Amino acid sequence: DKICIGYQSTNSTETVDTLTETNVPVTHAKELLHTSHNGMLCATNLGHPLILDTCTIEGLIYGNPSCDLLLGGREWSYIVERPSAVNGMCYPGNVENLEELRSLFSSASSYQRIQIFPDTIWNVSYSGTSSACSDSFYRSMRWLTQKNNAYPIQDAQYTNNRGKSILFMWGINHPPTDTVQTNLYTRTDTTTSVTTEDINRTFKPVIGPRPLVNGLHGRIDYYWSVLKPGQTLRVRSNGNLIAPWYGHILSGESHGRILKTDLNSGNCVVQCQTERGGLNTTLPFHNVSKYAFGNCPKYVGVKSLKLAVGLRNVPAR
């Protein structure tokens, strides 16, 4: 009679690697890398994304006349700018510190407009528009121009008593000719000032024709800043100013992402979202994307991370 010691062998085809050997056959193993995603843009534990399909972030912020649907304010987990979003700054010109503005905005989880300067306060025309802006104008600012061949010095004030920071915007018009300049502001030599307890900015026009854009040779330089609680904003101008009209109150913190993709969105919720799709998992790693955000595993750029559980699978036969 005899008694023998032995170990289990199975039909498992699972294999694992070590530093001194590769494709070692094992009875049991566990894949630690999650590699699937639903191919969609979903809501995360922070809510639904703000999907911009026709308006760019700055188009929204400045109130481009084609983005009226966004005037009521939104709240989001993250932002998505479809490649079709092309409505930004309708009137030719550029936004100073655009990257910082888009970043500041996307970091918040919501915005709500707030009126800064009521139309009544002005002693000049304030409803100027342009064909470059759907024969209208920005809902965030007012294109101040002369009224009755007169443009007295404008000097308005506003104090943030909302107990929250207000993101505000404004612009400086640069006419293509001296005639258009006098035509709109009565004078060719103007001085505009935007100030608070902290900032102290001044601007002066520089007439001249720039290359054509939106069928125009003129331009408007766009700016922005943040009026903190208790601070007072003040604007003085005798021409060329594109006055602040409505500002935004930003709140909370979102995932702070700006995905620029046309990936499909769905009525779904995931713990972890990426620009390629979302996923749910308890595994420690994933190889979907280093840009993943939400409640996620750690990203690792590999095809598999198979951990040995059982022993070396040795076939008797």
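Numbering starts at 1 and runs along the sequence shown.
If you average the C-alpha B-factors over 188-196 and over 74-82, the higher value belongs to 188-196. On average the C-alpha atoms of 211-219 have higher B-factors than those of the other stretch, with 137-145 and 211-219 being the two compared.
Looking only at 161, 109, 97, 103, the residue with the top Cα B factor in the deposited structure is 161. The residue among 150, 89, 242, 226 whose C-alpha carries the highest B-factor in the deposited model is 150.
In the deposited entry, the Cα temperature factor of residue 55 places it in the middle third of its chain's modelled residues. The PDB entry assigns residue 264 a C-alpha temperature factor belonging to the highest third of its chain's modelled residues.
In the deposited entry, the Cα temperature factor of residue 311 sits in the bottom third of values across the chain's modelled residues.
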